[PDB]
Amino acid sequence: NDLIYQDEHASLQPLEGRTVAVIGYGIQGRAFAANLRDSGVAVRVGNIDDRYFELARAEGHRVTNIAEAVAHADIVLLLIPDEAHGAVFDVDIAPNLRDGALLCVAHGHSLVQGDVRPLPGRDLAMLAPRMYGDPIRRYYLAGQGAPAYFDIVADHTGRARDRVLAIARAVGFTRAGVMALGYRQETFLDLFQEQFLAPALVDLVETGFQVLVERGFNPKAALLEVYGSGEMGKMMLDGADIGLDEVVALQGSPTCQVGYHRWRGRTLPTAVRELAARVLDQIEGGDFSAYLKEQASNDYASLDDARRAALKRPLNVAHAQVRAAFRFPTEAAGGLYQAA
């Protein structure tokens, strides 16, 4: 039966007179640092010599190299890409982590691969948010939060749990709920969402677009209906709240509801369910782990090629034309990560 912490199950008392080193200032790193600072937690950023170092400085943080940040920290949050954990842990973190210090990862992958390991007299934990940085930041400023999974991997102090949930409360995850889940299960779940579900959702959107265009439909209109209007995104996000079938029952015309229920449960052949199983096998069996280590060569050169190639896919060409001709409701993001 599930262990789920909300605000009444956590306090910031464990962070009194303690310094948190946020290692990295990327998607997660920047949100953690901003939210920790605004919660009145003593925070510093450890970063290599790149644009993220300069960004952290521009946003008013105390920024040093990783080793110096760790040496002056009671809690260390390793929020850099997972493939870089091994080298940074061995060289920068392990030699500099004080007696009784807590190390946290936001993904179980480095723990699964043994790249991050328990150290004598130190604590090791996972606090893995179920959301990217901008929403974590916007939710936090609105007195809300995103969910997270946590796992106490090594508790040598006997205070690891209090300190992890104090970080979770400070960054706002306990406003949603922080559930106990093994780092191994989090890794496979998380990679499954990225490798099966996200690609398949976009593949299906893209399939809808290309079929409509092949059948002589206005390409701007095709793009808007399949996602460009924000309607399908809105359905899915409202669905997260009240249920996906429920959203259609609440917000769909009777015409829409009859159409939806005609094909609901009938659209996908068994081959999709089998592909999902295949993706899980690759994740659980080390095939993906090997693939990711290869792809991280030449600083993710192959990924840079894939990102640039995707921009010329018909869906993405059609998107650029639609977004040039239709204004989308956005929010000003200027100074979003500056002190509140």
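One rule holds for the numbers: they count along the sequence shown, beginning at 1. If you superpose the two forms and keep the largest set of C-alpha atoms that fall within 1.5 Å, you have the rigid core.
After superposition on the rigid core, the larger root-mean-square Cα deviation in 6 other deposited structures of this protein belongs to 299 to 307, not to the other of 299 to 307 and 39 to 47. Stretch comparison, 94 to 102 versus 218 to 226: after rigid core superposition, larger RMS CA deviation in 6 other deposited structures of this protein is found for 218 to 226. Between 92 to 100 and 145 to 153, the higher mean Cα B-factor belongs to 92 to 100. In this entry, 68 to 76 has the higher mean Cα B-factor, the comparison being between 184 to 192 and 68 to 76. For the set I27, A33, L55, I48, the maximum C-alpha B-factor listed in the entry falls on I48. Per the deposited record, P120 carries the highest C-alpha B-factor of all listed residues (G208, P129, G252, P120). Among all modelled residues in its chain, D241 ranks in the middle third by Cα B-factor.
Residue-level temperature factors show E231 in the lowest third of its chain, judged at the C-alpha atom. Split the chain's modelled residues into thirds by C-alpha temperature factor. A318 is in the middle one. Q113: CA B factor in the highest third of modelled residues in this chain (values from the PDB entry). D82: CA B factor lies in the middle third for its chain, per the PDB record.
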